[PDB]
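S.K.: Could you have a look at this structure, given as structure tokens, before my questions?
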Amino acid sequence: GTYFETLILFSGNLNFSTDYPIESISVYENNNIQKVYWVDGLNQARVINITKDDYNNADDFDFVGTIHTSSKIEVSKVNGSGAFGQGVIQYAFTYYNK
Amino acid sequence: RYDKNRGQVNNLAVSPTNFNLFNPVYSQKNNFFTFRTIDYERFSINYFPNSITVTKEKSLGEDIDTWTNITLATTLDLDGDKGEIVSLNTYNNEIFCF
Amino acid sequence: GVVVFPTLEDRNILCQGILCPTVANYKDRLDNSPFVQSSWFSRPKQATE
């Protein structure tokens, strides 16, 4: 009504420069996914969800995700149950946020 | 088992080519209608402000009302960076969305 | 009622069936060429003497 409810979504060393201002696009998909894409003429394009307040590093805003934990995934072959075709098989993994 | 060499005293020419023939289909589960558990605390969205469903053309024959049967199979989503679908209206054979 | 049935790997019982005695030729036990071999005939136990 009379004041701006101001929050600080991040405070760090996102490489910015006054000679390369910001140009942004923002979309509303739901009550929690409210994104703001923005680009400099110098640095990588980035994203921020303005309904989230746990942004702790400068790599959380990139188009590509970041992995913090050291995932240890071992694959072993069980025999007796299933239905496969003859040959060799290799498994690949990748995180992705909904 | 679909062979007729069952319960006969001769059993002289029986063999795995004649005696234990098998039709696997009768060993079928109730696989068509299957379900699974859901997590209450998990956040799966159910709100689509920028989304328009379309039903089937009314047959106007002795069958169901297509309007009441919503399948979400012919959806259409407008741009989310303008805003939610406030109103949909039709004027002179054309739909216009506010 | 709604159930999850077990797969062949997590089954406790693999299968159920009769037990049939085997047979072995003297020579061949002693040359291990067959040792033990399957019977022509099913050899059931008798309940009495």
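S.K.: List every residue pair whose Cβ atoms sit under 6 Å apart, with the two residues 6 or more apart in sequence or on different chains, where the first one lies in region B:46-64 and is touching a residue at least 12 places away in the same chain (Cβ under 8 Å) and within 14 Å of another protein chain (Cβ to nearest Cβ) and the second, anywhere, is among the polar types (S, T, N, Q) and in a loop (DSSP other than H, G, I, E, B).
M.R.: B:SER51/B:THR75
S.K.: Output the residue which, of all residues in region B:17-45 that are β-branched (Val, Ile, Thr) and more than 14 Å from chain A (Cβ to nearest Cβ), is nearest to B:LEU88 (Cα to Cα).
M.R.: For region B:17-45, the residue satisfying everything is B:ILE38.
S.K.: OK, next. So if I check each of B:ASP39, B:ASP79, B:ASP63, which one is exposed (fewer than 10 other Cβ atoms within 10 Å of the Cβ), acidic (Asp, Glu) and farther than 26 Å from A:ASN30 by Cβ?
M.R.: Going through B:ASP39, B:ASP79, B:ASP63 in turn, the sole match is B:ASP63.
S.K.: Okay, moving on. Would region C:11-32 turn up any residue that is outside any loop (DSSP other than H, G, I, E, B) and either under 12 Å from the mean Cα position of the chain (by Cα) or within 30 Å of B:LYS29 (Cα to Cα) (or both)?
M.R.: Checked region C:11-32: no residue is outside any loop (DSSP other than H, G, I, E, B) and either under 12 Å from the mean Cα position of the chain (by Cα) or within 30 Å of B:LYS29 (Cα to Cα) (or both).
S.K.: In region C:1-28, what residues are away from chain A (no Cβ under 14 Å) and surrounded by 10 or more Cβ atoms within 10 Å (Cβ to Cβ)?
M.R.: C:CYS20, C:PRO21, C:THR22, C:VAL23, C:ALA24, C:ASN25, C:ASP28 - these are the residues of region C:1-28 that are away from chain A (no Cβ under 14 Å) and surrounded by 10 or more Cβ atoms within 10 Å (Cβ to Cβ).
S.K.: Can you find even one residue in region A:71-87 that is under 19 Å from the mean Cα position of the chain (by Cα) and of a type in the set (S, T, N, Q)?
M.R.: yes
Here, each number is a calculation from the coordinates, and none is a lab measurement. Backbone-built Cβ (ideal geometry, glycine too); neighbour counts: all protein chains shown.
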